[PDB]
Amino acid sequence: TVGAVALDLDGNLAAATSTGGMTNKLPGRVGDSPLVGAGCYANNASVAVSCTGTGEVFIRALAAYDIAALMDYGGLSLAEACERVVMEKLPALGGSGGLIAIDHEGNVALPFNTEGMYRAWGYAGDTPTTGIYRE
């Protein structure tokens, strides 16, 4: 599973997610990656999100849309929603993983509750930052 989120100079958000699934997967199994609201979601009013992790849980908890909703309806900040979903809700359902998110104001967050997540981010015109392990 891989993904990307972005906010362009026109203020538009977008998200994309792609995966090979799981090693030894039951043929026919579908995870959160191709399902809108689960592994991928973007709305200019709130946020763009791409996930990676235990697909089943991300689908059950509609992780990507939930970030948007917690912000849009609940008033949580990007950081607060990310903490709610990735560090509290997902683990409670037995889920592991992470996601990347950019909100309409250019805030970016990359939470994950696992040992690591291959990730990177950068503002237009700035030096990028990479990561594998926890800060």
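Start at 1 with the first residue shown and count on from there.
From the list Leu90, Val30, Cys51, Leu70, select the residue with the highest C-alpha B factor recorded in the entry.
-> Among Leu90, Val30, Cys51, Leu70, the highest C-alpha B-factor in the entry belongs to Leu90.
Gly94: which third of its chain by C-alpha temperature factor?
-> Answer is highest: the recorded C-alpha B-factor places it there.
Just say lowest, middle or highest third for the CA B-factor of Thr127 relative to the other modelled residues in its chain.
-> Tercile = highest for this residue's CA B-factor.
If you rank the chain by CA B-factor, which third does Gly55 end up in: lowest, middle or highest?
-> Highest third of the chain for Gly55's C-alpha B-factor.
Lowest, middle or highest third of the chain for the C-alpha temperature factor of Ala109?
-> Lowest third of the chain for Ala109's C-alpha B-factor.
Quick one: classify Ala45 as lowest, middle or highest third of the chain based on its Cα B-factor.
-> Within its chain, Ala45 is a middle-third residue by C-alpha B-factor, going by the deposited values.
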